[PDB]
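Right, one structure below, let's go through it.
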Amino acid sequence: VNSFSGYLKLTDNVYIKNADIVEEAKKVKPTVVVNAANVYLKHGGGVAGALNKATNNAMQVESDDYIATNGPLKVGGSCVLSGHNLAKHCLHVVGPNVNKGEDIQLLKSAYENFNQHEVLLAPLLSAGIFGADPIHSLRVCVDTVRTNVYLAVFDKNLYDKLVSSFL
Ligand SMILES: NC(=O)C1(CNc2ncnc3[nH]c4cc(Br)ccc4c23)CC1
Ligand SMILES: [Cl-]
């Protein structure tokens with residue numbers, strides 16, 4: 001039993017809710033919140049901009065030190081950093097950005113990072129400003145993630161479409 005509330009169960013291990021991931025993280029304080037990161041950990045907009053704003057820019061400060069030491073992530077890759085006031089840990093995961101021409105096949109590799117964590121609060125990777133079809137992202141999530149994932153979808157209209165079209 002965990003503290004996530006109001007989710008629709010899609011499969012054995014995948015759950016979904018119309019929610020602001022920032023507000024959900026602040027309420028649940030999950031062990032792991034997933035950020036929709038880019039390779040530079042520049043948290044300017046979308047989910048990343050919102051999460052970073054909620055940390056009062058502490059996420060960005062920590063991220064800049066990480067990049068200065070380690071260099072950029074790979075598309076499809078991840079790193080574990082602090083969750084600040086939102087979670088114990090933040091798993092920064094880089095899905096392909098279609099608006100940059102990146103290979104959508106890397107979306108499966110991106111979701112594989114979730115399997116290193118028993119339970120996660122997450123957005124749909126490569127959705128939103130990353131330009132992928134969220135219906136496809138949900139399909140890849142369900143077919144790739146084996147650990148327990150609680151998906152927060154900000155847009156109510158999109159949430160209803162994701163549920164109603166789910167196979
Ligand atoms: N834009 C979308 O509808 C999707 C991706 N964005 C988010 N997904 C889940 N929680 C989120 N909290 C946010 C807060 C701010 Br401010 C901006 C964006 C998001 C966000 C669901 C596809
Ligand atoms: Cl977004």
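Counting every other Cβ atom within 10 Å of each residue's Cβ, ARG139, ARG146 order from fewest to most as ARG146, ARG139. Straight Cα distances below 29 angstrom link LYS156 to the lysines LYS9, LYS17, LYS26, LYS27, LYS29, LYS42, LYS53, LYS88, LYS100, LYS108, with same-chain residues fewer than 8 positions distant left out.
Taking θ as phi - 60° and the Karplus parameters 6.51, -1.76 and 1.60, the scalar couplings of the stretch 138-144 work out to 4, 4, 4, 4, 4, 8, 10 Hz in sequence order, x denoting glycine and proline. I'd like the distance separating the alpha-carbon centroids of the stretch 1-56 and the stretch 73-99, in whole Å. What the calculation gives is 11 Å, centre to centre. Taking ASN57, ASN38, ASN99 as the candidate residues, the one with maximal mean-square fluctuation in a Gaussian network model of the chain, Cα springs under 10 Å, is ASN99.
Here the mean projected area of the convex hull built on the C-alpha positions of the chain is 8.7 nm².
Local charge for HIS43 was computed over the other residues whose Cβ lies under 11 Å away, with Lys and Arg +1 and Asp and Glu -1, and equals 0. Residue by residue, the stretch 154-167 carries 3J(HN,Hα) couplings of 5, 7, 4, 4, 5, 3, 5, 5, 5, 5, 5, 9, 6, 8 Hz when phi is fed to the Karplus relation 6.51 cos²θ - 1.76 cosθ + 1.60 (θ = phi - 60°); x denotes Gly or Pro.
Please note: Cβ atoms are built from the backbone with ideal geometry, for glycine as well, and neighbour counts cover all protein chains shown. Each value in this text was obtained by applying a stated rule to the coordinates, not by laboratory testing.
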